[PDB]
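Undergrad: sequence first, structure after, both from an experimental entry:
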Amino acid sequence: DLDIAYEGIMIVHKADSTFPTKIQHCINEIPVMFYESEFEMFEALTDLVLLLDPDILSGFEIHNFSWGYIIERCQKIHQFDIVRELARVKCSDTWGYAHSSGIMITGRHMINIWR
Amino acid sequence: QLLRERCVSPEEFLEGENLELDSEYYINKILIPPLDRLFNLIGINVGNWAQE
Amino acid sequence: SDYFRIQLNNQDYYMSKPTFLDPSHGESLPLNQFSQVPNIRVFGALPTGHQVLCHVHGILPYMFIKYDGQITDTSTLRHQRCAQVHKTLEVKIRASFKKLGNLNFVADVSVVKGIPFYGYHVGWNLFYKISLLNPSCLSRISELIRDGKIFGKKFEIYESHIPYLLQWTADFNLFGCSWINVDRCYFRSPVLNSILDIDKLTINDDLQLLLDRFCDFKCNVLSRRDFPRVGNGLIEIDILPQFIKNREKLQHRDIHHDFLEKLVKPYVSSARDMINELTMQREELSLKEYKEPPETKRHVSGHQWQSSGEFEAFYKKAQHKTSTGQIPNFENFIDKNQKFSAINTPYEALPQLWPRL
Amino acid sequence: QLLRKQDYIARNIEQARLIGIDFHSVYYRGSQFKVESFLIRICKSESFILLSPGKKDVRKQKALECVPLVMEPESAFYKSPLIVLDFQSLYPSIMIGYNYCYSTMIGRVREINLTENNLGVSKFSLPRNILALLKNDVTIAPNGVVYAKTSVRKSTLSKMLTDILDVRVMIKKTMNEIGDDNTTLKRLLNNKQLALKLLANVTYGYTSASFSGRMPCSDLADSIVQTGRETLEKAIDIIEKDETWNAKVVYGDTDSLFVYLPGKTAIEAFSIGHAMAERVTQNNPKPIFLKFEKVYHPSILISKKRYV
Amino acid sequence: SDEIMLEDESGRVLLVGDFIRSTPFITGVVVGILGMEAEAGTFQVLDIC
DNA sequence: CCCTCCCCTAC
DNA sequence: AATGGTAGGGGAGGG
Ligand SMILES: Nc1ccn([C@H]2C[C@H](O)[C@@H](COP(=O)(O)OP(=O)(O)OP(=O)(O)O)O2)c(=O)n1
Ligand SMILES: [Ca+2]
Ligand SMILES: [Ca+2]
């Protein structure tokens, strides 16, 4: 029962001076955090996952979307292995994508909700 | 015009200017065989009811 | 309770150098140390809600093959045969995968008694126990021994289709999403992790009591230089196989070494908890009780079938064939020789090779 | 909410706690993994040693020669009540009653040699005077495989199957005692009983493993299917052997019996079905039990595995 | 849920007070609110144009 | 007017 | 990379 509000929104904004306050006011319920780029946003997501330490990471069609999308972005653009950062340890699955989620994070489980 | 040749998706069908469902194909080949089975187990042919 | 309870949320294994918490020797080739030993990582959550990483040591995979000698050994030829097969296995595996020191694939070979499961066997059979080091290549090693590449003759492999994690969970009465009742632990570099700030927001009074009960900070915490933390979470512990007390609750029976049944229903222990939960959730619905009446059934004289007469004739012919003049009895059939007292039973053999206190 | 309405997480956790596998291996692995997790524990409890054949050994075993029974239905429109019988847990109850397992197989009744035998993917050798000793405590299967009786050795598959089936019938008996509670609990209990039924069915299917198997036995599964077919045929004969019940079975799929009662005022069709079920059940071993469970007053049997 | 706000292509503020309550309004109508920020992002109302 | 290939449902 | 079987029917395209 810690203070995380169980919900959150991360938005990219290079900072004009009206979008953050407008978004915060139109939300009025969930605390929104704004960052300068998407690399800072991914680092904040890693810190958030390491804070709560959830045993299950899920989503709707996480292959071509949220989790797989973030992983492919970090692998192609920023050259940053986020799968090794989200794991609970510091130090090519064809059967995966067929009947389950092909993403394998050490320590945590992955649930493809649509499957 | 084999069945594979038309094969429009809902997006293509709802945006096409002159596109109408194949009423003949739909009716016959998706309604007449199963009703024919179910009602020939009784003794009536459903195909004759559609031609009229 | 009085035990440190850890749940099985996820598990994985890795390789590491043998520390003082890992076994480094054996009984067949004791003078040859190990180059790498397997360690199991158990990502679990304490009963209070805090995640914990557990490094289980001493768990080595194994597989059985048929013994080659006779049951009339003098307990000294057994060690010689074990050393010989260990040397042969190590040499052949090193030759395949490209003074025989620093064992890298085979850990130890022992002699255990057993009863085969694929068929009706009513007598003790002697087996080997090829304790391996790297489980990932285990199957591959079997693919050699079963092919006749190691020895001259082909050898059938026993208990190799069971993975390493399944063997570990079965040998210690462990279940997925169930608690690991352990009475002793070994803590690592700072107990409360300070990755970003979690050493302050997540701690409460219950976790502090659990720490004060099991952490002494004088002779219980491992050094930071030899055992650094490799977990991105809360408290990290190390346990020995002697510490896991989920075992010793298993009921080991030996009713298959003789015609003992010839002169109790809850065999699956994980079903009793489901039954109890069902009784609870049906008593919450004001249901009276559960009961089942037995129906008096009268089967056929022998439940005969179409070819029952031919089957009886063939059984008579086979009984005439497989017979040599005498009469068999249920008491004098199995010979009362080869006492098999010194030979270890599979559940009495795995406590061996555990490193030390 | 999508995973909470279906209770996916809690159901998978319960299924992992029952079997003994990790939470991820419940939906990521196959069906043989659960049967293996059960068998390793049950056999280590009794100091058993399991066999591990290779891929070349499973392919070179004897092919399955026993097929189930699917009666050709009399395709027509039935106006009179059509009682629908069904065996509950047919193959598991068969393995429990007739004591079929790997630990009780002695060998095929024909070609019993003293030094070279064959049972599935293994070879063995019988002792000198074991048949003359066990001639009384055997139960020859319809396939021709000799099995040891329960008086000399209780099989291991039987134990797991009895526990799983007891839990399943308890879940079903609790589910069939609530009418006011909505699907909130009945659907979960139905899912649990279906999961246990699938567990028993894959425990059967773990035998003879026609392709991609790890410890198959063609003779065991052949005997199971053969004695199932024989039990179904004996049930057909028992039902059609009564003059007071002028009934005739029109369809059945390896366990079911569709008996037709022309003009039989369905109110009494329930009593006739219950009497038939009791009569067929009292002629079989203990765990076998025939269930009535419904009746079709109007019905149309199109073909095999197709009706309404 | 139960609040009147003022949007002018750059955000919204809560129209708190008493002059704003004793007047019927329909969304979309523009006004000339003259008020005073008191203790938060909530605008008081003194006169309306 | 028979074959394979594909879909998917029932034990 | 990992996989439990059998049986049954119906539709499309090329023959
Ligand atoms: N996925 C399946 C379904 C069924 N069967 C086999 C085993 C059963 O013994 C037999 C009967 O099928 P049922 O669907 O009727 O299941 P059960 O009879 O075992 O249980 P119940 O009658 O309670 O539904 O078919 C199988 O091997 N695999
Ligand atoms: Ca059935
Ligand atoms: Ca059925």
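TA: Sure, I can see it. Numbers count the residues shown, from 1 in each chain, chains lettered A, B, ... in the order given. Ligands and ions are numbered 1, 2, ... in the order given.
Undergrad: mind checking the SS state of the one residue in chain E that gets nearest to chain D?
TA: Shortest chain E-to-chain D distance, computed as CB to the nearest CB: residue-wise this is residue E:1, at 22.3 Å. Where you see a C-beta, it was placed from the backbone N, CA and C, and this is true even at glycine. Of the three states, residue E:1 takes coil under DSSP: H, G, I helix; E, B strand; the rest coil.
Undergrad: residue C:172 contacts residue C:246, doesn't it?
TA: Yes: Residue C:172 is in contact with residue C:246 according to CB atoms under 8 Å; the separation is 5.5 Å.
Undergrad: how many other residues sit next to residue C:153?
TA: Using other CB atoms under 10 Å in any protein chain shown, residue C:153 is surrounded by 7 other residues.
Undergrad: so who does residue 31 touch?
TA: The chain I'm using is chain A. Neighbour list for residue A:31: A:5, A:8, A:9 [criterion: CB atoms under 8 Å, 6 or more residues apart in numbering or on different chains].
Undergrad: not quite, I wanted chain E
TA: By CB under 8 Å, 6+ apart, residue E:31 lies in contact with E:6, E:48, E:49.
Undergrad: need the nearest residue in space to the second one, chain neighbours excluded.
TA: Sequence neighbours aside, residue E:31 is the residue nearest to residue E:48 in space, at 5.2 Å (criterion: CB to CB, 6 or more residues apart in numbering or on different chains).
Undergrad: show me what contacts residue A:70?
TA: By CB under 8 Å, 6+ apart, residue A:70 lies in contact with A:42, A:45, A:82.
Undergrad: now the strands for the chain?
TA: Using chain A. A:9-12, A:32-35, A:56-59, A:109-112 (DSSP state E).
Undergrad: oops, chain D please
TA: Along chain D, the segments classed as strands by DSSP E run D:48-49, D:51-52, D:77-78, D:82-87, D:105-108, D:145-147, D:248-251, D:257-260, D:290-291, D:295-296, D:299-303, D:306-307.
Undergrad: what does the first one contact?
TA: Applying CB under 8 Å, 6+ apart, the external contacts of strand D:48-49 come out as C:64, C:114-117, C:125, C:127, C:158-159, C:256, C:346, D:43, D:103, D:156.
Undergrad: the third one too?
TA: Strand D:77-78 is contacted from outside by B:41, B:42, D:250, D:260, D:296, D:298, D:299, D:300, D:301, using CB under 8 Å, 6+ apart.
Undergrad: show me which of those residues are buried.
TA: Neighbour-count burial (16 or more other CB atoms under 10 Å in any protein chain shown) is assigned, among the contacts of strand D:77-78, to B:41, D:250, D:260, D:296, D:299, D:300, D:301.
Undergrad: what's the fifth one in contact with, if anything?
TA: When the contact criterion is CB under 8 Å, 6+ apart, the partners of residue D:299 are D:77, D:78, D:82, D:307, D:308.
Undergrad: how about the nearest residue to the third one, chain neighbours excluded?
TA: Closest residue to residue D:82 apart from its sequence neighbours, by CB to CB, 6+ apart: residue D:296 at 4.0 Å.
Undergrad: before we move on, what about the last one?
TA: In space, residue D:308 comes closest to residue D:300 once its chain neighbours are excluded; the distance is 5.4 Å by CB to CB, 6+ apart.
Undergrad: now do residue D:156
TA: Of all residues not flanking residue D:156 in the chain, residue D:42 sits nearest, at 5.2 Å (CB to CB, 6+ apart).
Undergrad: and residue D:11, by the same measure?
TA: Excluding the flanking residues, the one nearest residue D:11 by CB to CB, 6+ apart is residue D:191, at 6.5 Å.
Undergrad: that neighbour against residue D:12, yeah?
TA: No: checked against CB under 8 Å, the pair residue D:191 and residue D:12 is beyond contact range at 11.2 Å.
Undergrad: of those two, who's got more company?
TA: Neighbours per residue, other CB under 10 Å: of residue D:191 and residue D:12, the larger number sits with residue D:12, 20 against 14.
Undergrad: coming back round to it: among the contacts of strand D:48-49, which one sits closest to residue C:185?
TA: Nearest to residue C:185 out of the contacts of strand D:48-49 is residue C:346 (CB to CB; 27.4 Å).
Undergrad: ok, the closest one to DNA strand F distance?
TA: Applying CB to the nearest atom of the strand, to the nearest Å, the value for residue C:346 to DNA strand F is 37 Å.
Undergrad: how many other residues sit next to residue C:129?
TA: 25.
Undergrad: three-state assignment of it?
TA: Taking three-state DSSP, the label given to residue C:129 is strand.
Undergrad: for chain A, what is the nearest residue in chain E?
TA: Using CB to the nearest CB, the closest approach of chain E to chain A is made by residue E:11 at 4.5 Å.
Undergrad: backbone phi and psi for that residue, please?
TA: phi 130, psi -170 (degrees, to the nearest 10).
Undergrad: which residue packs closest to it, ignoring adjacent ones?
TA: Excluding the flanking residues, the one nearest residue E:11 by CB to CB, 6+ apart is residue A:22, at 4.5 Å.
Undergrad: now for that neighbour: which residues touch it?
TA: Residues in contact with residue A:22, defined by CB under 8 Å, 6+ apart, are E:10, E:11, E:12.
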